[PDB]
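Asker: So here's final.txt, just compact mmCIF, C-alpha atoms and all ligand atoms:
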```txt
# COMPACT_ATOMS: atom_id res chain seq x y z
CA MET K 116 -25.50 -12.85 -1.89
CA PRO K 117 -25.31 -12.84 1.95
CA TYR K 118 -22.21 -13.41 4.14
CA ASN K 119 -20.08 -11.62 6.74
CA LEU K 120 -16.36 -12.14 7.40
CA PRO K 121 -15.66 -11.03 11.00
CA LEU K 122 -12.48 -8.99 11.40
CA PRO K 123 -11.70 -9.25 15.12
CA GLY K 124 -9.47 -6.35 16.08
CA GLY K 125 -10.56 -4.46 12.99
CA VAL K 126 -8.64 -3.61 9.85
CA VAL K 127 -4.89 -3.08 10.26
CA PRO K 128 -1.93 -2.45 7.94
CA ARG K 129 -0.26 -5.57 6.50
CA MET K 130 -3.60 -7.38 6.64
CA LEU K 131 -4.33 -9.36 3.46
CA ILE K 132 -7.91 -10.53 2.79
CA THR K 133 -8.56 -13.21 0.16
CA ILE K 134 -11.89 -13.94 -1.48
CA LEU K 135 -12.29 -16.96 -3.73
CA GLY K 136 -15.39 -17.87 -5.67
CA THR K 137 -17.13 -18.19 -9.02
CA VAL K 138 -19.26 -15.46 -10.58
CA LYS K 139 -22.79 -16.73 -11.18
CA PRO K 140 -24.23 -17.05 -14.70
CA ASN K 141 -25.95 -13.88 -15.92
CA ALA K 142 -24.36 -11.99 -13.02
CA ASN K 143 -25.56 -8.44 -12.40
CA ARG K 144 -23.55 -7.22 -9.42
CA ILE K 145 -21.01 -7.98 -6.73
CA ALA K 146 -20.24 -6.17 -3.57
CA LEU K 147 -17.69 -6.09 -0.78
CA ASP K 148 -18.67 -3.92 2.17
CA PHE K 149 -16.04 -3.13 4.82
CA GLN K 150 -18.22 -1.89 7.67
CA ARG K 151 -17.68 0.34 10.70
CA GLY K 152 -20.92 0.32 12.67
CA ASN K 153 -23.57 1.74 10.32
CA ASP K 154 -20.92 3.33 8.09
CA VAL K 155 -19.42 1.54 5.10
CA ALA K 156 -15.72 2.39 5.10
CA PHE K 157 -15.07 0.81 1.71
CA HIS K 158 -17.68 -0.33 -0.81
CA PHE K 159 -16.28 -2.36 -3.75
CA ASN K 160 -19.10 -2.81 -6.28
CA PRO K 161 -18.55 -4.42 -9.71
CA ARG K 162 -21.59 -3.70 -11.90
CA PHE K 163 -21.98 -5.94 -14.95
CA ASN K 164 -24.52 -3.87 -16.85
CA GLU K 165 -24.92 -0.14 -16.29
CA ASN K 166 -26.20 1.26 -19.58
CA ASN K 167 -24.40 -1.57 -21.40
CA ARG K 168 -21.11 -0.73 -19.73
CA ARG K 169 -19.29 -2.77 -17.09
CA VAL K 170 -17.88 -0.73 -14.24
CA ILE K 171 -16.48 -1.06 -10.74
CA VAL K 172 -17.92 1.51 -8.36
CA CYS K 173 -16.11 2.24 -5.11
CA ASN K 174 -17.43 4.53 -2.37
CA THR K 175 -17.87 5.21 1.34
CA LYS K 176 -21.08 5.66 3.32
CA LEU K 177 -21.01 7.95 6.27
CA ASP K 178 -24.10 8.69 8.44
CA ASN K 179 -26.31 6.93 5.88
CA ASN K 180 -24.98 9.04 3.00
CA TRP K 181 -22.89 7.78 0.08
CA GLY K 182 -19.91 9.95 -0.78
CA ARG K 183 -18.10 10.70 -4.03
CA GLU K 184 -17.85 7.58 -6.16
CA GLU K 185 -14.53 6.41 -7.56
CA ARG K 186 -15.09 4.48 -10.80
CA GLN K 187 -12.85 1.93 -12.53
CA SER K 188 -13.56 0.64 -16.06
CA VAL K 189 -10.97 -2.15 -15.98
CA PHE K 190 -13.29 -5.10 -15.33
CA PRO K 191 -11.66 -8.57 -14.97
CA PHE K 192 -14.81 -10.47 -13.87
CA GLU K 193 -16.80 -12.84 -16.14
CA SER K 194 -20.16 -14.51 -15.55
CA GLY K 195 -19.62 -18.19 -14.79
CA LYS K 196 -15.86 -17.80 -14.27
CA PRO K 197 -13.83 -18.39 -11.08
CA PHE K 198 -12.18 -15.35 -9.50
CA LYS K 199 -9.84 -14.30 -6.72
CA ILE K 200 -10.03 -10.95 -4.99
CA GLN K 201 -7.17 -9.84 -2.76
CA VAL K 202 -7.43 -6.78 -0.54
CA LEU K 203 -4.19 -5.62 1.05
CA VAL K 204 -4.54 -3.04 3.79
CA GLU K 205 -2.02 -0.20 3.77
CA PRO K 206 -1.90 2.72 6.23
CA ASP K 207 -3.28 5.04 3.53
CA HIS K 208 -5.39 2.88 1.25
CA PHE K 209 -6.93 -0.50 0.43
CA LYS K 210 -5.04 -2.14 -2.44
CA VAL K 211 -7.17 -4.44 -4.59
CA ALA K 212 -5.95 -7.12 -6.98
CA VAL K 213 -8.09 -9.58 -8.93
CA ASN K 214 -6.76 -12.82 -10.38
CA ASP K 215 -3.27 -11.81 -9.21
CA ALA K 216 -3.28 -8.56 -11.19
CA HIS K 217 -3.38 -5.14 -9.55
CA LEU K 218 -6.78 -3.56 -10.12
CA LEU K 219 -7.23 -0.44 -8.03
CA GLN K 220 -6.42 1.53 -4.89
CA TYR K 221 -8.95 3.17 -2.57
CA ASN K 222 -7.69 5.83 -0.16
CA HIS K 223 -9.02 5.55 3.38
CA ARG K 224 -11.84 7.98 4.18
CA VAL K 225 -12.72 6.23 7.44
CA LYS K 226 -9.50 6.74 9.43
CA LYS K 227 -10.07 4.53 12.50
CA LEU K 228 -9.24 1.28 10.70
CA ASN K 229 -9.44 -0.58 14.01
CA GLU K 230 -13.19 0.08 14.10
CA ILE K 231 -13.75 -1.61 10.81
CA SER K 232 -15.08 -4.79 12.38
CA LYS K 233 -16.34 -6.81 9.43
CA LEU K 234 -16.46 -7.40 5.69
CA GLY K 235 -19.79 -8.12 4.06
CA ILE K 236 -19.64 -10.19 0.87
CA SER K 237 -22.68 -10.15 -1.41
CA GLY K 238 -23.93 -10.19 -4.98
CA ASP K 239 -24.10 -12.77 -7.74
CA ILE K 240 -21.33 -15.19 -6.75
CA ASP K 241 -20.79 -18.66 -5.35
CA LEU K 242 -18.41 -18.11 -2.44
CA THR K 243 -15.69 -20.72 -1.92
CA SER K 244 -13.72 -18.99 0.86
CA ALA K 245 -13.13 -15.65 2.59
CA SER K 246 -10.08 -15.36 4.85
CA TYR K 247 -7.29 -13.07 6.01
CA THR K 248 -3.73 -13.11 7.34
CA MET K 249 -0.75 -10.79 7.88
CA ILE K 250 2.24 -10.46 5.55
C1 LIG J 1 -30.16 1.99 -8.40
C2 LIG J 1 -28.94 2.59 -8.66
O1 LIG J 1 -27.92 1.87 -9.22
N1 LIG J 1 -28.76 3.88 -8.38
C3 LIG J 1 -27.49 4.58 -8.65
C4 LIG J 1 -27.80 5.98 -9.17
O2 LIG J 1 -28.62 6.66 -8.20
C5 LIG J 1 -29.33 7.75 -8.81
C6 LIG J 1 -29.09 9.04 -8.03
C7 LIG J 1 -30.83 7.44 -8.84
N2 LIG J 1 -31.26 6.98 -7.51
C8 LIG J 1 -31.15 6.34 -9.86
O3 LIG J 1 -30.19 5.67 -10.30
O4 LIG J 1 -32.35 6.20 -10.19
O5 LIG J 1 -26.59 6.71 -9.40
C9 LIG J 1 -25.83 6.87 -8.19
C10 LIG J 1 -24.57 7.68 -8.49
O6 LIG J 1 -24.93 8.95 -9.02
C11 LIG J 1 -25.43 5.50 -7.63
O7 LIG J 1 -24.60 4.82 -8.57
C12 LIG J 1 -26.68 4.66 -7.35
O8 LIG J 1 -26.34 3.33 -6.94
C13 LIG J 1 -25.87 3.30 -5.59
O9 LIG J 1 -24.44 3.49 -5.57
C14 LIG J 1 -23.90 3.40 -4.25
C15 LIG J 1 -22.39 3.68 -4.27
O10 LIG J 1 -22.15 5.01 -4.73
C16 LIG J 1 -24.14 2.00 -3.68
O11 LIG J 1 -23.53 1.03 -4.53
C17 LIG J 1 -25.65 1.74 -3.61
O12 LIG J 1 -25.88 0.40 -3.17
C18 LIG J 1 -26.25 1.93 -5.01
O13 LIG J 1 -27.67 1.81 -4.94
```
Output the structure of this file as structure tokens.
Answerer:
Amino acid sequence: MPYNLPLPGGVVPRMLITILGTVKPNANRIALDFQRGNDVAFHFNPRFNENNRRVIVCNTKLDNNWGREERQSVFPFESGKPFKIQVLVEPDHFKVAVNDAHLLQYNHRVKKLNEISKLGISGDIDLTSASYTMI
């Protein structure tokens, strides 16, 4: 998949990003990439088949190098099924919920949240909407 949600002003606490769509049939991967220039502040990557195991891989890329992965086995996504991803920005971490249920937390590694200018949305999904607001 290919699509970029511009975040004018960058990421900031109290910001809530909502992603609505439907996972494609025979899906293999999904990915949300919060970017800061060439760096990837927060990579959210559900993998549907890694050695016959489903897993959500989260990481950060700094100076073209991926860091220590943070893996989550709770996997709420289903091929062909609609989904909702919510990312709430906190001063210390990104809080992710899927289908209204808390899923995981990713501590900030990239500290200048204001430089996080956009969110790339890709993978095997049919995007309905990608938006944000404060709460
Ligand atoms: C293709 C692939 O999924 N590679 C993953 C694998 O990389 C090892 C070192 C090797 N290149 C291989 O698999 O043949 O394992 C590493 C973790 O040890 C990683 O999952 C590789 O996938 C990459 O993961 C990062 C996030 O950590 C990004 O999602 C990259 O897009 C992805 O290729």
Asker: So what do you get for atom CA of residue K:173 versus atom CA of residue K:185, distance-wise?
Answerer: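 About the pair atom CA of residue K:173 and atom CA of residue K:185: they are 5.1 Å apart.
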Asker: Name the residues within 12 Å of (-19.9, -11.3, -19.0), counting all atoms listed in the file in the file's coordinates, and put them as a PyMOL selection string.
Answerer: chain K and resi 138-144+161-164+167-170+190-196
Asker: Could the residues that lie within 12 Å of ligand LIG 1 (chain J), counting only C-alpha atoms and all ligand atoms, be listed as a PyMOL selection string?
Answerer: chain K and resi 143-148+155-166+170-177+179-186+237-238
Asker: When you count all atoms listed in the file, which of these residues is closest to residue K:116: K:204, K:219, K:240, K:212?
Answerer: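 The closest residue to residue K:116 is K:240.
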Asker: When you count all atoms listed in the file, which of these residues is closest to residue K:126: K:213, K:248, K:199, K:239?
Answerer: K:248
